[PDB]
Structure formats: C-alpha cells, structure tokens
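Here's the structure we're looking at; comments come further down.
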Amino acid sequence: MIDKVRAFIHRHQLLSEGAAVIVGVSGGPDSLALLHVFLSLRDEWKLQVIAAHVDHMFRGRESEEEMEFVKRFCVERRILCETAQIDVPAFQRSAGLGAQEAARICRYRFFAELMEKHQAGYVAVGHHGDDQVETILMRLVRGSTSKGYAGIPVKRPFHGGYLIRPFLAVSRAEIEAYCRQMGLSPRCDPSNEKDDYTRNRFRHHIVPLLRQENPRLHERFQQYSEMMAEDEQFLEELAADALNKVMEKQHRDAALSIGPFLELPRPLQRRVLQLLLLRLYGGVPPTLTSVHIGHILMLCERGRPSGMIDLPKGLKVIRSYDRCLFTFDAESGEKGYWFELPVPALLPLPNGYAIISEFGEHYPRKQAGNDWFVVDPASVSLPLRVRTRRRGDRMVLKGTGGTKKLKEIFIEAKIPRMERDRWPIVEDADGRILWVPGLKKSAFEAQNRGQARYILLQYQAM
RNA sequence: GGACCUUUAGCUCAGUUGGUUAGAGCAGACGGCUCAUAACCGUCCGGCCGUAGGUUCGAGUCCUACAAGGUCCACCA
C-alpha cells in the first residue's frame with residue numbers, strides 16, 4: 001500500500017512512466033480508494049490524473065449516490081472528473097449479448113474514447129488480488145484455461161498505450177483497511193446481496209472456504225498468475241515463429257503444411273492453431289478449443305487424406321494429402337467440362353494447362369513420356385473429345401497391365417481431389433478413352449506401323 | 001490385370017457374438033455464464049446405414065457385384 005503497490009508499479013514497470021492517465025471507477029469503497037492512491041503517487045511520479053466513472057443500468061440509489069459522490073471528490077481534489085452513463089444495457093443486449101459482457105465492452109468502449117480523445121497513455125482500473133483469485137477459479141471451471149487461463153493481466157496493450165491494474169498486488173482486505181484508515185463513508189458493501197452472478201457466488205461462499213484454508217491466498221494466486229504469465233508469453237513467441245515456418249504463405253486464405261507442422265511439439269501445434277484461427281477473425285464464442293483444436297489435430301494424424309471439418313461461422317477445414325486448407329469460404333463451386341478436339345488447334349483448359357494438336361508427315365521422335373500422345377487418323381473414329389472424369393470410366397494400358405478404372409489411377413498417383421475433377425481425359429468419337437494427360441496412356445497410341453499421316457497431342461502449361 | 005482395406009446423418013467416429021432400440025461429437029437453429037479480450041454449460045433440428053442382388057425366421061452386422069475413397073503391386077519407367 002502506497003509502496004507495496006508502488007513496488008508493484010515498479011516491479012511490472014511501464015506503469016509509472018510518462019504523464020497521462022484515465023483511472024476508472026465504479027461501485028464505492030474500492031473505486032474511490034484507487035483514485036486516492038493514484039493522486040498521491042502521481043504527484044510523486046510526474047503525472048496528470050483523470051477520474052472516469054460510467055453508470056450502467058440497474059440504477060436506484062446506486063446510480064446516483066455512486067455517481068455524485070465521485071463528482072464531489074473530483075472537485076475535492078481538483079481533478080477532471082470525466083463522467084458518463086449508459087442504460088442501454090437493455091438495448092445493448094437487444095443488439096446481441098448477455099449482461100456482464102455489455103459491462104466491460106461498453107465500459108471499455110468509453111475508456112477508449114477518453115484515452116484517444118484525451119491523449120492519455122495509460123488507463124488504470126483497480127482489480128484486487130481477490131478479483132484475481134475469483135477470475136482464476138471462475139475461469140478454471142469454465143474451461144478457458146490455455147494461455148487465457150492466465151488471470152487478470154497486470155498491464156496490457158490498450159488501444160494506444162496500455163491498461164494497468166496495480167491493485168492486483170493487494171487484498172480487498174487491505175483495500176478496506178486503506179479506505180477507512182484514510183477516510184471514506186461505510187467501508188465495504190452491506191448490499192452485496194446479489195448471488196445473481198456466478199462471479200459472486202465464488203466470492204460469497206467459495207473464496208472464503210479457501211480464504212480459511214490459507215490466509216495468504218490472494219498471494220499464492222498472484223505468484224501463480226505471474227508464473228503462467230511469463231511461461232505463457234514465452235511459448236507465444238515460439239508459437240508465432242512456428243506459425244510462419246509452417247504457413248504456405250500469401251493466398252486469399254491460408255494453407256498449412258501438415259508435415260513440418262506435425263514435426264513440431266504439441267504445445268506449439270496447439271498454439272499456432274489457436275493463433276491461426278484468431279488471425280482468421282478473433283476468438284469467437286462457440287469455439288470450444290478442446291473440441292476444435294483437437295479435431296484439427298486429429299484431422300492431420302489421420303490415415304485418410306481426404307478430410308472435411310465444419311467450424312464456427314461456417315469456417316471450413318480441409319486436408320489434401322499434405323496440405324491443410326483453411327477457407328471459411330466454400331469450395332463448391334461446381335465443375336466439369338466437355339470439348340471436341342479440333343486439329344490442329346490450341347485448346348486451353350480450366351486448369352491452367354492446355355492441349356496442342358498437330359499433323360505430322362513423319363513419326364514423332366521425342367523422348368518416351370506422358371505429356372504427349374500419338375494417334376492414327378485411320379485406326380480410330382474422330383473427332384476427338386477431351387472431357388472430365390465420369391462415374392465408371394476405364395481404359396487399357398500401353399503394354400500389359402490390362403484394363404483399369406480411372407478412379408483407381410488418380411488415387412494411386414495421389415492427386416488432389418479438386419484436381420481429379422478438373423483433370424482432362426481424352427476419348428475418341430466412340431467414347432473410348434485414349435490418353436490421360438501426364439498420367440497414363442491407353443494401348444491405342446498409334447505405333448509406328450507406317451509413315452502414313454499422324455496426329456500429335458502435347459499437354460502443357462500456361 | 002494382381003493384393004489388402006474403408007464406407008453409419010452436411011462433416012468427423014461407436015455400433016456388443018447376426019435381432020433392431022443405431023449411439024456420440026462438429027457444424028446449423030435455439031437458451032444461458034464472461035465485472036476477463038477472447039476458446040464454457042444445457043436444448044433442439046438432422047439415420048435411405050454408398051447403390052442394387054442375394055444367404056437367413058431375422059440383417060447396419062455375412063456373401064456378390066458395381067461405385068467412390070485408400071495403401072501396395074503391375075503397366076507405364
């Protein structure tokens with residue numbers, strides 16, 4: 001207090017460094033005490049204070065008494081007393097949310113105004129070590145545990161500057177000690193009546209049982225927060241880096257290479273995933289880490305290469321062999337095509353490739369291969385069609401081999417699915433499959449029989 | 001042409017030794033908790049078990065073919 005809390009300010013630095021603060025205030029006992037200690041240490045440390053209190057809806061003696069008794073304090077110590085009030089909790093929740101959510105979102109939206117619109121650098125709110133305990137357990141059983149378990153964060157990146165909770169250092173016990181000791185009306189609240197909030201019940205029955213189990217609880221909990229604070233952020237760095245070294249890069253939406261990823265250590269596999277999605281919008285509500293992050297991970301240790309997963313806000317997750325497409329977009333789409341094959345001609349295909357046909361007095365002399373194919377005008381009925389795969393397609397194989405299903409092939413040649421579909425097949429008028437570009441040749445490739453007339457097919461890119 | 005395996009709701013899996021009454025999870029829609037920057041709690045909607053043919057009093061469960069999706073071979077090299 002004055003120094004336990006000043007030490008704290010110093011321990012966690014960047015808290016007492018500059019000139020501009022917006023210190024918020026709500027209830028009674030707690031919020032007033034803050035200001036006080038602030039004022040004194042702001043003279044002591046080069047600094048302009050600005051009280052800021054918002055009144056939410058539930059009103060009565062609370063809204064008014066609270067509000068006016070801060071007012072008379074701002075004056076009682078020459079302090080700009082930036083006031084406000086919103087009773088559109090009722091119209092806020094008529095826009096999407098529950099209760100205590102609208103609290104912090106609105107409250108903070110406001111502090112944001114003050115910070116930006118007042119050139120302030122820090123915004124401090126009093127959060128006692130008990131506040132902390134509360135949130136830990138609260139968030140222990142709720143399940144957030146991750147990085148987010150963490151606790152109440154000492155100081156964090158707020159808008160422009162940072163946001164500071166220097167009362168984290170100290171019991172609500174010692175906040176009442178300091179409140180009465182250094183002047184103020186009824187210490188704590190005899191009107192806590194309100195087991196309305198999960199939050200409260202912890203504080204009303206649960207904490208105390210702990211409290212009894214150990215006098216110095218708000219302590220064993222801070223040292224905890226801090227342990228996990230540092231532990232957590234380290235990893236974070238690693239995570240981030242990992243992410244980059246596993247992200248197939250600049251797309252519309254991002255890909256992830258399963259191999260390198262999974263060679264990672266799980267701790268990080270987790271994180272980069274967490275981050276990934278966060279990037280991909282911002283920690284959404286119905287997003288059950290556990291369930292989801294798990295499922296992704298499952299989807300990648302699978303044996304089965306084809307893999308779909310449906311996610312929150314219609315976000316979709318796909319494995320194609322070693323790739324991992326994240327598109328909340330969609331994939332279909334639709335596909336398919338059927339073309340006659342003009343000869344000679346240069347036909348472009350919907351997969352950035354194309355086929356070239358020409359006539360040749362002499363027999364082709366280019367190396368053995370696949371992306372080319374030779375036909376006898378005679379021994380087959382034209383014209384030539386090139387179209388997309390079809391339910392039961394088959395063919396017969398240059399040498400021995402026999403007859404084989406097209407399906408059977410694409411999968412052996414381990415080709416992506418969206419590929420398989422847009423992939424060209426080449427048939428004769430009679431519907432006989434002749435040659436599958438860069439994949440397999442039939443048995444009806446015109447052998448050298450005689451230097452009659454010849455057709456040449458080159459499959460090539462763009 | 002040769003060998004092995006998969007298939008259950010939009011998506012991921014369970015499905016006892018042939019009974020029958022098919023079970024979870026994600027998404028979707030719905031209802032709550034969050035005085036924290038974020039990954040929780042409950043309800044509901046969605047079942048032709050890939051087609052089609054058999055063996056059985058009986059089939060999701062066993063056999064056949066076909067089909068798709070898989071792991072090898074072979075042809076191709």
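Chain labels A, B, ... are given in the sequence in which chains occur in the structure tokens; within each chain residues are numbered consecutively from 1, and ligands are likewise numbered from 1 in the order shown.
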
Who sits within 9 Å of residue 75 of chain B, only C-alpha atoms (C1' of nucleotides), same chain under 6 positions skipped, as a VMD selection string: (chain A and resid 397 to 402) or (chain B and resid 1)

Within 8 Å of chain A: residues of chain B, using only C-alpha atoms (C1' of nucleotides), as a PyMOL selection string: chain B and resi 1+11-12+26-27+33-36+38-40+67+69-70+74-76

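Neighbours of residue 444 of chain A closer than or equal to 12 Å, with only C-alpha atoms (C1' of nucleotides) counted and sequence neighbours fewer than 6 positions away skipped, come out as residues 373, 374, 375, 376, 377, 378, 379, 380, 395, 396, 397, 398, 399, 426, 427, 428, 432, 433, 434 and 435 of chain A.
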
Secondary structure check, strand (DSSP E or B) residues of segment 225-371 of chain A, as a VMD selection string: chain A and resid 247 to 248 255 to 256 306 to 310 316 to 320 323 to 327 338 to 341 345 to 349 353 to 360

Can you spit out the residues from that selection as a CSV table (one decimal), in the first residue's frame, using N, CA, C and O atoms?
chain,number,residue,atom,x,y,z
A,247,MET,N,3.4,-22.0,-42.6
A,247,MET,CA,2.3,-21.4,-43.4
A,247,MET,C,2.7,-21.3,-44.8
A,247,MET,O,3.4,-20.4,-45.2
A,248,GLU,N,2.1,-22.2,-45.6
A,248,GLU,CA,2.1,-21.9,-47.1
A,248,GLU,C,1.5,-20.5,-47.1
A,248,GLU,O,0.5,-20.2,-46.4
A,255,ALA,N,-3.0,-21.7,-46.1
A,255,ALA,CA,-2.7,-23.2,-46.1
A,255,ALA,C,-1.7,-23.5,-45.0
A,255,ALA,O,-0.9,-22.6,-44.5
A,256,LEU,N,-1.6,-24.8,-44.7
A,256,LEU,CA,-0.7,-25.2,-43.6
A,256,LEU,C,-0.1,-26.5,-44.0
A,256,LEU,O,-0.9,-27.5,-44.2
A,306,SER,N,-8.3,-37.5,-47.6
A,306,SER,CA,-9.5,-36.7,-47.8
A,306,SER,C,-10.1,-36.4,-46.4
A,306,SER,O,-10.4,-37.4,-45.7
A,307,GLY,N,-10.3,-35.2,-46.1
A,307,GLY,CA,-10.8,-34.8,-44.8
A,307,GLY,C,-11.5,-33.5,-44.6
A,307,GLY,O,-10.9,-32.4,-44.8
A,308,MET,N,-12.8,-33.5,-44.3
A,308,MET,CA,-13.5,-32.3,-44.1
A,308,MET,C,-13.9,-32.1,-42.6
A,308,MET,O,-14.0,-33.0,-41.8
A,309,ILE,N,-13.9,-30.8,-42.2
A,309,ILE,CA,-14.4,-30.5,-40.9
A,309,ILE,C,-15.2,-29.2,-40.9
A,309,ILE,O,-14.7,-28.2,-41.5
A,310,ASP,N,-16.3,-29.1,-40.2
A,310,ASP,CA,-17.1,-27.9,-40.2
A,310,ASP,C,-16.8,-27.1,-38.9
A,310,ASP,O,-16.9,-27.7,-37.8
A,316,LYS,N,-14.4,-23.6,-42.7
A,316,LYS,CA,-14.2,-25.0,-43.1
A,316,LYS,C,-12.7,-25.3,-43.2
A,316,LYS,O,-11.9,-24.5,-43.5
A,317,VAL,N,-12.4,-26.6,-42.9
A,317,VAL,CA,-11.0,-27.0,-42.8
A,317,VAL,C,-10.8,-28.4,-43.5
A,317,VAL,O,-11.4,-29.4,-43.3
A,318,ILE,N,-9.8,-28.3,-44.5
A,318,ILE,CA,-9.6,-29.4,-45.4
A,318,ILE,C,-8.2,-29.9,-45.5
A,318,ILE,O,-7.2,-29.2,-45.5
A,319,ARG,N,-8.1,-31.3,-45.6
A,319,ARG,CA,-6.8,-31.9,-45.8
A,319,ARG,C,-6.8,-32.4,-47.2
A,319,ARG,O,-7.7,-33.2,-47.6
A,320,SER,N,-5.8,-32.1,-48.0
A,320,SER,CA,-5.5,-32.7,-49.3
A,320,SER,C,-4.1,-33.2,-49.1
A,320,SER,O,-3.1,-32.5,-49.3
A,323,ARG,N,-1.4,-31.0,-47.5
A,323,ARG,CA,-1.8,-29.6,-47.4
A,323,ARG,C,-2.9,-29.5,-46.4
A,323,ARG,O,-3.5,-30.5,-46.0
A,324,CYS,N,-3.2,-28.3,-45.9
A,324,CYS,CA,-4.3,-28.1,-45.0
A,324,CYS,C,-5.0,-26.7,-45.2
A,324,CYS,O,-4.6,-25.7,-44.6
A,325,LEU,N,-6.0,-26.8,-46.0
A,325,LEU,CA,-6.7,-25.6,-46.5
A,325,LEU,C,-7.6,-25.0,-45.4
A,325,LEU,O,-8.4,-25.8,-44.9
A,326,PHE,N,-7.4,-23.8,-45.0
A,326,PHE,CA,-8.4,-23.1,-44.2
A,326,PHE,C,-9.1,-22.1,-45.0
A,326,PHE,O,-8.5,-21.1,-45.4
A,327,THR,N,-10.3,-22.4,-45.4
A,327,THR,CA,-11.2,-21.4,-46.1
A,327,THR,C,-12.5,-21.5,-45.4
A,327,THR,O,-13.1,-22.6,-45.4
A,338,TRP,N,-16.6,-30.6,-71.3
A,338,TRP,CA,-16.6,-31.5,-72.4
A,338,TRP,C,-16.3,-30.7,-73.7
A,338,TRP,O,-17.0,-29.7,-74.0
A,339,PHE,N,-15.3,-31.1,-74.4
A,339,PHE,CA,-14.9,-30.3,-75.6
A,339,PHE,C,-14.6,-31.3,-76.7
A,339,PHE,O,-14.1,-32.4,-76.5
A,340,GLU,N,-14.9,-30.9,-78.0
A,340,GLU,CA,-14.4,-31.6,-79.1
A,340,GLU,C,-13.0,-31.1,-79.3
A,340,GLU,O,-12.6,-30.0,-78.9
A,341,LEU,N,-12.1,-32.0,-79.9
A,341,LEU,CA,-10.7,-31.6,-80.1
A,341,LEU,C,-10.4,-31.4,-81.6
A,341,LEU,O,-10.2,-32.3,-82.4
A,345,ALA,N,-4.9,-27.3,-83.5
A,345,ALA,CA,-5.6,-26.2,-82.6
A,345,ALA,C,-4.9,-26.1,-81.3
A,345,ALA,O,-4.2,-27.1,-80.9
A,346,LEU,N,-5.2,-25.0,-80.6
A,346,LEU,CA,-4.6,-24.8,-79.2
A,346,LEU,C,-5.7,-24.6,-78.2
A,346,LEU,O,-6.2,-23.5,-78.0
A,347,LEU,N,-6.1,-25.7,-77.6
A,347,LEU,CA,-7.2,-25.7,-76.7
A,347,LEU,C,-6.8,-25.5,-75.2
A,347,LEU,O,-6.0,-26.3,-74.7
A,348,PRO,N,-7.3,-24.4,-74.6
A,348,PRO,CA,-6.9,-24.1,-73.2
A,348,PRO,C,-7.9,-24.7,-72.2
A,348,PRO,O,-9.2,-24.6,-72.4
A,349,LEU,N,-7.4,-25.3,-71.1
A,349,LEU,CA,-8.2,-26.0,-70.2
A,349,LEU,C,-8.3,-25.2,-68.8
A,349,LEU,O,-7.3,-24.7,-68.4
A,353,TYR,N,-3.7,-25.4,-67.7
A,353,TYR,CA,-2.9,-26.2,-68.7
A,353,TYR,C,-3.7,-26.2,-70.0
A,353,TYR,O,-4.7,-25.5,-70.1
A,354,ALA,N,-3.2,-26.9,-71.0
A,354,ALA,CA,-3.8,-26.9,-72.3
A,354,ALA,C,-3.2,-28.0,-73.2
A,354,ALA,O,-2.1,-28.5,-73.0
A,355,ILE,N,-4.0,-28.4,-74.3
A,355,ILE,CA,-3.5,-29.4,-75.2
A,355,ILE,C,-3.3,-28.9,-76.6
A,355,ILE,O,-4.1,-28.1,-77.1
A,356,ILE,N,-2.3,-29.4,-77.3
A,356,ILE,CA,-2.0,-28.9,-78.6
A,356,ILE,C,-2.0,-30.0,-79.6
A,356,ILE,O,-1.3,-31.1,-79.4
A,357,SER,N,-2.7,-29.9,-80.7
A,357,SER,CA,-2.8,-30.9,-81.7
A,357,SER,C,-2.2,-30.5,-83.0
A,357,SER,O,-2.3,-29.3,-83.4
A,358,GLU,N,-1.6,-31.4,-83.7
A,358,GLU,CA,-1.0,-31.1,-85.0
A,358,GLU,C,-0.8,-32.3,-85.8
A,358,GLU,O,-1.0,-33.4,-85.4
A,359,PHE,N,-0.5,-32.1,-87.1
A,359,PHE,CA,-0.3,-33.2,-88.0
A,359,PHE,C,1.1,-33.3,-88.4
A,359,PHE,O,1.9,-32.4,-88.3
A,360,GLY,N,1.5,-34.6,-88.7
A,360,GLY,CA,2.9,-34.9,-88.8
A,360,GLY,C,3.1,-35.9,-89.9
A,360,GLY,O,2.7,-37.1,-89.8

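The smallest atom-to-atom distance between residue 168 of chain A and any of A:219, A:82, A:44, A:331, using only C-alpha atoms, is found for A:219.
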
Every residue of segment 89-161 of chain A that DSSP places in alpha helix (DSSP H), as number ranges by chain: A: 89-92, 100-116, 129-142

Non-local contacts of segment 158-167 of chain A (7 Å; only C-alpha atoms (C1' of nucleotides); under 6 positions in same chain excluded) as an MDAnalysis selection string: chainID A and resid 5 8:9 15 112 121:128

Can you write out the residues you just picked, keeping C-alpha atoms, as a compact mmCIF listing (two decimals), in the first residue's frame?
# COMPACT_ATOMS: atom_id res chain seq x y z
CA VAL A 5 1.52 -1.11 -4.57
CA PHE A 8 4.24 -3.42 -7.74
CA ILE A 9 4.08 -0.50 -10.14
CA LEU A 15 3.05 1.61 -15.17
CA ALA A 112 -11.23 4.11 -25.32
CA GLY A 121 -1.23 6.77 -22.46
CA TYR A 122 -2.40 4.54 -19.60
CA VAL A 123 -5.87 3.56 -18.36
CA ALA A 124 -5.94 2.02 -14.92
CA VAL A 125 -8.68 0.12 -13.10
CA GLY A 126 -8.48 -1.29 -9.62
CA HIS A 127 -8.54 -5.06 -9.53
CA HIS A 128 -7.63 -6.62 -6.19

Pick from A:63, A:447, A:222, A:185, whichever lies nearest to residue 130 of chain A using only C-alpha atoms: A:222

Neighbour list for residue 49 of chain A as a PyMOL selection string, cut-off 8 Å, only C-alpha atoms (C1' of nucleotides), skip fewer than 4 positions in-chain: chain A and resi 20-23+38-39+42+79-80

One-decimal distance in Å that lies between atom CA of residue 389 of chain A and atom CA of residue 416 of chain A: 13.9 Å

Interatomic distance, atom CA of residue 51 of chain A to atom CA of residue 81 of chain A (Å, one decimal): 4.9 Å
